[PDB]
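Below is one structure, written out as structure tokens; comments come after it.
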Amino acid sequence: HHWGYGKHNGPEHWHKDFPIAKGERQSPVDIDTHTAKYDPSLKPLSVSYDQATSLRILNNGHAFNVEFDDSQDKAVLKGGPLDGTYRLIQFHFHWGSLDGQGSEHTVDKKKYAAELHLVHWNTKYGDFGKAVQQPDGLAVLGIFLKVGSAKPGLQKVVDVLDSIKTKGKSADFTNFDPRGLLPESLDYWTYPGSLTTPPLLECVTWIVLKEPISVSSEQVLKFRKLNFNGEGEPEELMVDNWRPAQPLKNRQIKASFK
Ligand SMILES: O=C1NC(=S)S[C@@H]1Cc1ccccc1
Ligand SMILES: [Zn+2]
């Protein structure tokens, strides 16, 4: 497959190789704050990242992934809408060419500068590959980024990007603490959806935090110096690596907060 974010291979083309692109539970979506319902049934959300073990950072030609050791329950997400234990496998971002675009989810049609996805898999399915084949296989914690003050807990990520400029490059990335990327409040919206890139599998419980984090203009500018291309290929800046909002269809978005 040769999917990407350009005119010729972007989101509007994905459905040809991945017909589930036009499915019933695709992500991202617009979160209409005046339609989303407070759900008193939601249990408290539990982000347990104390023992997280980051390993490596990889430019895969679509984004960069910070990868974690998920061979044990070291960094897990529980509670909220979730039954059981979901293990952190990786995080990555989607961002824009300009500060007015970049997020995948939107809030009352507002686009943020970027969006962080912390990807977790349900440990009752044993491995990530099995989990993506299940409707409750993954839990993705989504966090919006706006441009303002610098995020100190992001700077270690920003400073390694020079070493993974092009597709296929990776770097050792140990001892990174993903707690430094969270906002103060864990208030969230939740709905059932999908992976936001091919293969677009409808296996995700989305948990989208209400409170954005602030990052500096200089931090997001460094994301925009990454490349989609491989080393020694013509430069194509890694920007606007976001899928637009998809039809909500039969779904309800629930709020954790009044
Ligand atoms: O960019 C993304 N955001 C998501 S949420 S799923 C996709 C990454 C991904 C994760 C797992 C398998 C394939 C692709
Ligand atoms: Zn993502």
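So you can find residues: chains in the structure tokens are A, B, ... in the order shown, residues in each start at 1, and ligands are numbered from 1 in order.
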For the interface of chain A with ligand 2 (cut-off 7 Å, counting only C-alpha atoms and all ligand atoms), please tabulate each contacting residue of chain A alongside its nearest pair of atoms and their separation in Å to one decimal, rows sorted by chain and increasing number, as a Markdown table.
```
| residue | atom | partner | partner_atom_place_in_ligand_line | distance |
| --- | --- | --- | --- | --- |
| A:92 | CA | ligand 2 | 1 (Zn) | 6.2 |
| A:93 | CA | ligand 2 | 1 (Zn) | 6.0 |
| A:94 | CA | ligand 2 | 1 (Zn) | 6.2 |
| A:116 | CA | ligand 2 | 1 (Zn) | 7.0 |
| A:117 | CA | ligand 2 | 1 (Zn) | 5.0 |
| A:196 | CA | ligand 2 | 1 (Zn) | 6.0 |
```
- Task: Find the residues around range 233-238 of chain A up to 8 Å (only C-alpha atoms counted), leave out those fewer than 6 positions away in its own chain, and share them as JSON, numbers by chain.
- Result: {"A": [62, 63, 223, 224, 225, 226, 227]}
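For the choices A:26, A:155, A:48, A:252, the atom-to-atom distance to ligand 1 is smallest for A:26 when using only C-alpha atoms and all ligand atoms.
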Please, which residues in chain A fall within 9 Å of ligand 1 when counting only C-alpha atoms and all ligand atoms, and what is the closest atom pair and distance in Å to one decimal for each, ordered by chain then residue number, as JSON lines?
```
{"residue": "A:27", "atom": "CA", "partner": "ligand 1", "partner_atom_place_in_ligand_line": "5 (S)", "distance": 8.1}
{"residue": "A:28", "atom": "CA", "partner": "ligand 1", "partner_atom_place_in_ligand_line": "5 (S)", "distance": 8.4}
{"residue": "A:62", "atom": "CA", "partner": "ligand 1", "partner_atom_place_in_ligand_line": "1 (O)", "distance": 7.5}
{"residue": "A:63", "atom": "CA", "partner": "ligand 1", "partner_atom_place_in_ligand_line": "1 (O)", "distance": 7.1}
{"residue": "A:65", "atom": "CA", "partner": "ligand 1", "partner_atom_place_in_ligand_line": "8 (C)", "distance": 8.6}
{"residue": "A:90", "atom": "CA", "partner": "ligand 1", "partner_atom_place_in_ligand_line": "10 (C)", "distance": 8.4}
{"residue": "A:91", "atom": "CA", "partner": "ligand 1", "partner_atom_place_in_ligand_line": "3 (N)", "distance": 8.6}
{"residue": "A:92", "atom": "CA", "partner": "ligand 1", "partner_atom_place_in_ligand_line": "1 (O)", "distance": 7.1}
{"residue": "A:93", "atom": "CA", "partner": "ligand 1", "partner_atom_place_in_ligand_line": "1 (O)", "distance": 7.5}
{"residue": "A:94", "atom": "CA", "partner": "ligand 1", "partner_atom_place_in_ligand_line": "1 (O)", "distance": 7.3}
{"residue": "A:116", "atom": "CA", "partner": "ligand 1", "partner_atom_place_in_ligand_line": "3 (N)", "distance": 8.8}
{"residue": "A:117", "atom": "CA", "partner": "ligand 1", "partner_atom_place_in_ligand_line": "5 (S)", "distance": 5.9}
{"residue": "A:118", "atom": "CA", "partner": "ligand 1", "partner_atom_place_in_ligand_line": "5 (S)", "distance": 7.8}
{"residue": "A:119", "atom": "CA", "partner": "ligand 1", "partner_atom_place_in_ligand_line": "5 (S)", "distance": 6.6}
{"residue": "A:128", "atom": "CA", "partner": "ligand 1", "partner_atom_place_in_ligand_line": "11 (C)", "distance": 8.4}
{"residue": "A:129", "atom": "CA", "partner": "ligand 1", "partner_atom_place_in_ligand_line": "12 (C)", "distance": 8.5}
{"residue": "A:132", "atom": "CA", "partner": "ligand 1", "partner_atom_place_in_ligand_line": "12 (C)", "distance": 7.7}
{"residue": "A:138", "atom": "CA", "partner": "ligand 1", "partner_atom_place_in_ligand_line": "5 (S)", "distance": 8.9}
{"residue": "A:139", "atom": "CA", "partner": "ligand 1", "partner_atom_place_in_ligand_line": "5 (S)", "distance": 8.6}
{"residue": "A:140", "atom": "CA", "partner": "ligand 1", "partner_atom_place_in_ligand_line": "5 (S)", "distance": 6.0}
{"residue": "A:141", "atom": "CA", "partner": "ligand 1", "partner_atom_place_in_ligand_line": "5 (S)", "distance": 8.4}
{"residue": "A:142", "atom": "CA", "partner": "ligand 1", "partner_atom_place_in_ligand_line": "5 (S)", "distance": 8.1}
{"residue": "A:194", "atom": "CA", "partner": "ligand 1", "partner_atom_place_in_ligand_line": "5 (S)", "distance": 7.0}
{"residue": "A:195", "atom": "CA", "partner": "ligand 1", "partner_atom_place_in_ligand_line": "6 (S)", "distance": 3.8}
{"residue": "A:196", "atom": "CA", "partner": "ligand 1", "partner_atom_place_in_ligand_line": "4 (C)", "distance": 4.7}
{"residue": "A:197", "atom": "CA", "partner": "ligand 1", "partner_atom_place_in_ligand_line": "7 (C)", "distance": 4.8}
{"residue": "A:198", "atom": "CA", "partner": "ligand 1", "partner_atom_place_in_ligand_line": "14 (C)", "distance": 6.4}
{"residue": "A:199", "atom": "CA", "partner": "ligand 1", "partner_atom_place_in_ligand_line": "13 (C)", "distance": 6.3}
{"residue": "A:200", "atom": "CA", "partner": "ligand 1", "partner_atom_place_in_ligand_line": "6 (S)", "distance": 7.3}
{"residue": "A:201", "atom": "CA", "partner": "ligand 1", "partner_atom_place_in_ligand_line": "12 (C)", "distance": 8.4}
{"residue": "A:204", "atom": "CA", "partner": "ligand 1", "partner_atom_place_in_ligand_line": "5 (S)", "distance": 7.7}
{"residue": "A:206", "atom": "CA", "partner": "ligand 1", "partner_atom_place_in_ligand_line": "5 (S)", "distance": 8.3}
{"residue": "A:241", "atom": "CA", "partner": "ligand 1", "partner_atom_place_in_ligand_line": "1 (O)", "distance": 8.5}
{"residue": "A:242", "atom": "CA", "partner": "ligand 1", "partner_atom_place_in_ligand_line": "1 (O)", "distance": 8.1}
{"residue": "A:243", "atom": "CA", "partner": "ligand 1", "partner_atom_place_in_ligand_line": "1 (O)", "distance": 8.9}
```
- Item | Distance criterion (only C-alpha atoms): nearest to residue 64 in chain A out of A:171, A:213, A:52, A:203 |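 Checking each candidate against residue 64 in chain A, we get A:171 as the closest.
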- Message: At a cut-off of 7 Å, using only C-alpha atoms, what residues contact residue 164 in chain A? Leave out same-chain residues fewer than 5 positions from it and give the result as a PyMOL selection string.
- Response: chain A and resi 58-59+169-171
Write the residues of the selection above to a file with N, CA and C atoms, as a PDB file, in the first residue's frame.
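Final output, part13.pdb:
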```pdb
ATOM      1  N   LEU A  58      10.626   6.228  16.287  1.00  0.00           N
ATOM      2  CA  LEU A  58      10.716   5.806  14.899  1.00  0.00           C
ATOM      3  C   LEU A  58       9.943   6.798  14.014  1.00  0.00           C
ATOM      4  N   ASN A  59      10.563   7.278  12.937  1.00  0.00           N
ATOM      5  CA  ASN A  59       9.849   7.967  11.854  1.00  0.00           C
ATOM      6  C   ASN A  59       9.402   6.906  10.885  1.00  0.00           C
ATOM      7  N   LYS A 169      14.069   6.000   9.801  1.00  0.00           N
ATOM      8  CA  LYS A 169      15.061   6.276  10.835  1.00  0.00           C
ATOM      9  C   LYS A 169      14.466   6.099  12.253  1.00  0.00           C
ATOM     10  N   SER A 170      15.269   5.552  13.159  1.00  0.00           N
ATOM     11  CA  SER A 170      14.895   5.416  14.545  1.00  0.00           C
ATOM     12  C   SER A 170      16.056   5.819  15.443  1.00  0.00           C
ATOM     13  N   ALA A 171      15.747   6.057  16.709  1.00  0.00           N
ATOM     14  CA  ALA A 171      16.748   6.407  17.714  1.00  0.00           C
ATOM     15  C   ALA A 171      16.345   5.777  19.047  1.00  0.00           C
TER      16      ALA A 171
END
```
- Counting only C-alpha atoms, what is within 7 Å of residue 47 in chain A, bar same-chain residues fewer than 4 positions away, as a list in words?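 Everything that qualifies: residues 76, 77 and 78 of chain A.
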Let's have the selection written as an mmCIF file, in the first residue's frame, with N, CA and C atoms.
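The resulting file, selection-v9.cif, is reproduced below:
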```
data_model
loop_
_atom_site.group_PDB
_atom_site.id
_atom_site.type_symbol
_atom_site.label_atom_id
_atom_site.label_comp_id
_atom_site.auth_asym_id
_atom_site.auth_seq_id
_atom_site.Cartn_x
_atom_site.Cartn_y
_atom_site.Cartn_z
ATOM 1 N N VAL A 76 -0.486 1.321 32.006
ATOM 2 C CA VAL A 76 -1.827 0.879 31.658
ATOM 3 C C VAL A 76 -2.867 1.962 31.848
ATOM 4 N N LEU A 77 -3.952 1.805 31.101
ATOM 5 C CA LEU A 77 -5.130 2.620 31.188
ATOM 6 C C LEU A 77 -6.272 1.691 31.592
ATOM 7 N N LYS A 78 -7.031 2.130 32.587
ATOM 8 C CA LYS A 78 -8.195 1.415 33.115
ATOM 9 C C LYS A 78 -9.279 2.431 33.468
#
```
- Message: DSSP on the backbone: which residues in range 23-248 of chain A end up as strand (DSSP E)? Give the answer as a PyMOL selection string.
- Response: chain A and resi 30-31+37-38+45-48+54-59+64-68+76-79+86-95+106-107+114-122+138-147+170-172+188-193+204-209+213-215
Keeping only C-alpha atoms, write those residues as an mmCIF file, in the first residue's frame.
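And here's part-v2.cif as it stands now:
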```cif
data_model
loop_
_atom_site.group_PDB
_atom_site.id
_atom_site.type_symbol
_atom_site.label_atom_id
_atom_site.label_comp_id
_atom_site.auth_asym_id
_atom_site.auth_seq_id
_atom_site.Cartn_x
_atom_site.Cartn_y
_atom_site.Cartn_z
ATOM 1 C CA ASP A 30 -16.384 16.254 15.383
ATOM 2 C CA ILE A 31 -17.321 16.428 19.057
ATOM 3 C CA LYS A 37 -24.273 13.717 27.163
ATOM 4 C CA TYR A 38 -22.843 13.547 30.699
ATOM 5 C CA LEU A 45 -10.396 7.038 34.597
ATOM 6 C CA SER A 46 -7.097 5.579 35.775
ATOM 7 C CA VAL A 47 -3.855 6.452 33.961
ATOM 8 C CA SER A 48 -1.117 4.294 35.555
ATOM 9 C CA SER A 54 10.005 3.791 26.612
ATOM 10 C CA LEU A 55 12.377 2.113 24.149
ATOM 11 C CA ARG A 56 12.726 3.876 20.815
ATOM 12 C CA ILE A 57 11.408 6.609 18.572
ATOM 13 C CA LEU A 58 10.716 5.806 14.899
ATOM 14 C CA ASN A 59 9.849 7.967 11.854
ATOM 15 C CA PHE A 64 6.834 9.447 14.625
ATOM 16 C CA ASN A 65 6.113 6.781 17.173
ATOM 17 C CA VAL A 66 7.525 6.593 20.705
ATOM 18 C CA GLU A 67 7.443 2.906 21.479
ATOM 19 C CA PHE A 68 7.071 1.248 24.881
ATOM 20 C CA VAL A 76 -1.827 0.879 31.658
ATOM 21 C CA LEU A 77 -5.130 2.620 31.188
ATOM 22 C CA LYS A 78 -8.195 1.415 33.115
ATOM 23 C CA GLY A 79 -11.555 2.757 34.221
ATOM 24 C CA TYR A 86 -5.228 -1.720 28.378
ATOM 25 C CA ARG A 87 -1.467 -1.657 27.974
ATOM 26 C CA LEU A 88 0.401 1.337 26.440
ATOM 27 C CA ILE A 89 2.251 0.310 23.256
ATOM 28 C CA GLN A 90 3.128 3.654 21.648
ATOM 29 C CA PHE A 91 2.282 7.299 21.274
ATOM 30 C CA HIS A 92 2.455 9.603 18.285
ATOM 31 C CA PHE A 93 1.053 12.941 17.095
ATOM 32 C CA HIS A 94 -0.846 14.396 14.146
ATOM 33 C CA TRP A 95 -0.131 18.056 13.288
ATOM 34 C CA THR A 106 -12.496 18.645 16.349
ATOM 35 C CA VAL A 107 -14.518 20.340 19.131
ATOM 36 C CA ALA A 114 -1.980 18.966 16.855
ATOM 37 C CA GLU A 115 -3.296 15.882 18.592
ATOM 38 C CA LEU A 116 -1.446 13.303 20.699
ATOM 39 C CA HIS A 117 -2.572 9.644 20.578
ATOM 40 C CA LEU A 118 -1.527 7.311 23.369
ATOM 41 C CA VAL A 119 -2.380 3.857 21.982
ATOM 42 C CA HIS A 120 -3.267 0.996 24.345
ATOM 43 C CA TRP A 121 -4.387 -2.596 23.752
ATOM 44 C CA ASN A 122 -6.750 -4.830 25.738
ATOM 45 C CA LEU A 138 -7.816 -0.739 21.688
ATOM 46 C CA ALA A 139 -8.193 2.351 23.856
ATOM 47 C CA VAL A 140 -6.722 5.561 22.471
ATOM 48 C CA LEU A 141 -6.220 8.535 24.757
ATOM 49 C CA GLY A 142 -6.358 11.640 22.628
ATOM 50 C CA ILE A 143 -4.991 14.962 23.803
ATOM 51 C CA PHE A 144 -5.221 18.251 21.915
ATOM 52 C CA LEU A 145 -2.254 20.582 21.528
ATOM 53 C CA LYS A 146 -2.608 24.346 21.287
ATOM 54 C CA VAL A 147 0.218 26.823 20.695
ATOM 55 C CA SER A 170 14.895 5.416 14.545
ATOM 56 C CA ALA A 171 16.748 6.407 17.714
ATOM 57 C CA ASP A 172 17.109 4.926 21.188
ATOM 58 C CA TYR A 188 -13.028 13.424 28.673
ATOM 59 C CA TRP A 189 -15.390 12.524 25.913
ATOM 60 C CA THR A 190 -15.731 8.926 24.771
ATOM 61 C CA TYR A 191 -17.182 7.120 21.778
ATOM 62 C CA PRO A 192 -16.581 3.929 19.746
ATOM 63 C CA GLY A 193 -14.441 4.396 16.654
ATOM 64 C CA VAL A 204 -10.992 1.632 19.285
ATOM 65 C CA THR A 205 -12.653 3.025 22.377
ATOM 66 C CA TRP A 206 -11.774 6.698 22.060
ATOM 67 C CA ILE A 207 -11.102 8.752 25.170
ATOM 68 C CA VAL A 208 -10.534 12.403 24.143
ATOM 69 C CA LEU A 209 -9.464 14.765 26.894
ATOM 70 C CA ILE A 213 -1.987 20.927 26.512
ATOM 71 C CA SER A 214 -0.024 24.012 25.486
ATOM 72 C CA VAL A 215 3.187 23.697 23.466
#
```
- Message: Please report the interatomic distance between CA of residue 20 in chain A and CA of residue 35 in chain A in Å with one decimal.
- Response: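 A separation of 25.8 Å between them.
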